[PDB]
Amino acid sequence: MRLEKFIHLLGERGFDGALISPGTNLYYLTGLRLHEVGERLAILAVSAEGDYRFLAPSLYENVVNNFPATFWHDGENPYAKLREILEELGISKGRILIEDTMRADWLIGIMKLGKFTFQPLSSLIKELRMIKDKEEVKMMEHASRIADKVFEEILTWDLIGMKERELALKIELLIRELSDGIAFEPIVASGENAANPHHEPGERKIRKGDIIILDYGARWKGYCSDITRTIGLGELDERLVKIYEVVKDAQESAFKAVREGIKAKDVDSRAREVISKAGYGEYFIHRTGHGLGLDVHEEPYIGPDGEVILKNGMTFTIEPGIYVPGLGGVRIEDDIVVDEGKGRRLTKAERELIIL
């Protein structure tokens, strides 16, 4: 039903076709999932007229089930074969949509197969992936349930003396034990390191009195969870303890604002005000949240520039934070779904400051 919707949306937006290499959009539209395609051309070609065919390497003729395909064996010109296909479907010319993540060398080769005008696939497919159906929501619910479990386990561990890199690996292994896999490399940021929102876990040793930001995600049947919790070891610097209650206030505030009909930027400003009034405006260096589903980052974005009007079925994160260089930082992140016109938390983990 999705592929058919997408096709309808294509015509209505004036496009003549789309070329979709392996990834989440391909999966979304067909359920197809190839393992490590690499440099071998694999492309789902779709006509606005309703016709479609998937060109893939002979190696994958078992994973493609009975999906309308054409294979090419090592030695053939995949690109020439694709051209044949584009000819049948009648799209060897026109305004074509291209999967955002496709390798540039594939697009370059494809550029020689006809007169085309390109556009990123997401400019249009977001309209579909942004509104989660009932099953997708159930899936994101389970992934959030796992993200919660992992937090509970981490709290029974002995962190003192562990290096960030080591803690992150334990988390990753735990997530690979509980689910399909990590939605992204876990992030552990302690002490002063928690001041950089995009910090990469390293050799810093966690000690008594260290604040710790933990950000990780699990995948469940393709859907992702993304949760962040900030914990303290022993007694935290009083300046960070204060900061924490504010961030907590900012997040709960942005959450209560979640209503069908309100603009995304308004959910952002709601957290942003709480943090400005407390005086830490200059330390909240990123958006309040972003959407999630099959990818960690997708529409809609919850920042000062978010123009999307929230509607039921949308799923995104609410994770404001405060970062102070040389001191540390705090972030609390929840995964949210718009349900019955209201904001509902998919993740339930403890939001109060936890002093291990």
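Sequential numbering from 1, following the sequence displayed.
Q) Out of 124-132 and 233-241, which one has CA B-factors that are higher on average in the deposited record? A) The deposited B-factors put 233-241 ahead on the C-alpha mean.
Q | 285-293 versus 50-58 - which carries the larger mean C-alpha B factor in the record | A | Per the PDB entry, the higher value belongs to 50-58.
Q | Which of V137, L174, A80, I98 ranks first by CA B-factor in the deposited coordinates | A | Out of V137, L174, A80, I98, the record gives the largest C-alpha B-factor to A80.
Q: Using the temperature factors in the entry, find which of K115, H142, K170, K221 has the highest value at its Cα atom.
A: Among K115, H142, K170, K221, the PDB entry lists the largest C-alpha B-factor for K115.
(Q) Splitting the chain's C-alpha B-factors into thirds, which one does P300 fall into? (A) Lowest third - that is where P300 ends up once the chain's C-alpha B-factors are sorted.
Q. In terms of the chain's CA B-factor thirds, is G161 lowest, middle or highest?
A. Within its chain, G161 is a middle-third residue by C-alpha B-factor, going by the deposited values.
**Q.** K265 - Cα temperature factor, lowest/middle/highest third of chain
**A.** CA B-factor rank for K265: middle third.
Q | Cα B factor band for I110 (lowest, middle or highest third within the chain) | A | According to the entry, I110 has a C-alpha B-factor in the chain's middle third.
Q: Tell me, lowest, middle or highest third: where does the Cα B factor of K342 rank within its chain?
A: As the PDB entry reports it, the C-alpha B-factor of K342 lands in the highest third of its chain.
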